[PDB]
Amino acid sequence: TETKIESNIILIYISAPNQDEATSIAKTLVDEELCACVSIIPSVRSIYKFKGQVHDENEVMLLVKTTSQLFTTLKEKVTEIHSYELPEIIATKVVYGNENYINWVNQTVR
């Protein structure tokens, strides 16, 4: 059985400097119903150039599941509370999903 509804689901990558902040950010977004769930990937290394030098720092990655309709409200909350001056908040589109899960995300969020 083919899914018979469209997907309005997005998957947002948000980075954080440590597990403590990743978790407090994820619990806030869930509690305030700005997302349905978050998966936190530990122990990630971040490589980037700053003032001409290559850096290698540790980070934690959040994968946040929500609806396209909530992106802007979620983005504003994250930028309000994030310890970084310029955090990484980037959405990808869920093109296919199991129909029951698409419905669950839509019923769970605001």
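The first residue of the sequence shown is number 1, and the count goes up from there.
For the pair 82-90 and 9-17, the mean B factor over Cα atoms is greater in 82-90. In the deposited entry, the Cα temperature factor of residue 45 places it in the middle third of its chain's modelled residues.
When the modelled residues of the chain are ordered by their C-alpha B factor, residue 27 lands in the middle third.
Remark: residue 103 belongs to the middle third of its chain, ranked by C-alpha B-factor as recorded. When the modelled residues of the chain are ordered by C-alpha B-factor, residue 54 sits in the highest third.
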